[PDB]
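Undergrad: Protein chains in written order, with full-length UniProt numbering: chain D, 110 to 163; chain Z, 56 to 109. Every residue, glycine too, gets a C-beta built ideally from N, C-alpha and C. Please see the structure below; I have some questions.
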């Protein structure tokens with residue numbers, strides 16, 4: 110039971126990490142990030158896709 | 056009479072030169088503005104901008 114309690118605490122910690130890490134207000138590991146486009150070249154079109162999964 | 060006509064023609068050509076130069080300066084400012092707007096548009100395409108900075 111004590112080990113389970115510690116594991117539950119660690120699990121809530123995992124949830125807090127998933128829900129808290131933010132790059133200036135933009136959640137990353139929550140799951141709302143999904144897929145994003147990064148424009149990394151001059152002119153339009155030259156961009157890449159960054160996918161973050163919760 | 057031809058000399059007087061040449062005087063008139065030179066005056067008119069000079070006036071046209073001045074008008075062309077003024078329009079060229081305005082167009083130069085416009086293209087600088089367009090370059091800045093292109094930079095802004097490229098910057099906004101970045102996938103780290105949430106909603107507010109957009």
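Using a Cβ-Cβ cut-off of 7 angstroms, state whether residue 131(D) counts as contacting chain Z.
TA: no
Undergrad: Determine the direct distance from the alpha carbon of residue 117(D) to that of residue 110(D), and round the result to whole angstroms.
TA: Approximately 10 angstroms between the Cα atoms of the pair.
Undergrad: Below 8 angstroms on the Cβ atoms is my guess for residue 160(D) versus residue 144(D); work out the distance and round it to an integer in Å.
TA: About 5 angstroms separates the two Cβ atoms, so the contact holds.
Undergrad: Is the shortest distance between the beta-carbon of residue 106(Z) and the beta-carbons of chain D less than 7 angstroms?
TA: no
Undergrad: Beta-carbon of residue 75(Z) versus every beta-carbon of chain D: anything under 7 angstroms?
TA: no
Undergrad: Of all the CB atoms in chain Z, is at least one closer than 7 angstroms to the CB of residue 134(D)?
TA: yes
Undergrad: Determine whether the Cβ of residue 141(D) lies closer than 7 angstroms to any Cβ atom of chain Z.
TA: no
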